[PDB]
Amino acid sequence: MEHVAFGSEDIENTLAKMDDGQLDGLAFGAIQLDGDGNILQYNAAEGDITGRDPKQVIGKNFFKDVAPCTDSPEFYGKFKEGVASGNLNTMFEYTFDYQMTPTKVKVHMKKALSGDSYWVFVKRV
């Protein structure tokens, strides 16, 4: 395991040092998105929660292609306000239900350290 707690205040500093292999050792799901919502990184824990194959979803658009249930003011709307303003730090519960058993999760979205990149962190609740 790579020990990092979900919700930690300096999580973007800690994860800036990790390659794809180290991201797969986290205890929670982690997705890195660019400012248009395309998936740059997607770890093994996220694939275990959602059933998606991490290697196949890289390069797809999260809001248009992979996760249409997040195309809503409650999720995508918060993301796009964050990208526009250049700052984002929000945590909320949500249900993922597209082509899968509905699964309740806690989501934490936070701007990365790398300029136009954004994290989505996910844990079961």
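Residues carry their position along the shown sequence, with the first being 1.
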item: Comparing 39 to 47 with 82 to 90, the one whose average Cα B-factor in the PDB entry is higher; value: 82 to 90
item: Entry-level comparison of average CA B-factors, 52 to 60 and 25 to 33, reporting the higher stretch; value: 52 to 60
item: Assigned third (lowest, middle, highest) for the C-alpha B factor of residue 109; value: lowest
item: Ranked C-alpha temperature factor of residue 5 among modelled chain residues, by third; value: middle
item: Ranked against its chain, the third holding the CA B-factor of residue 70; value: lowest
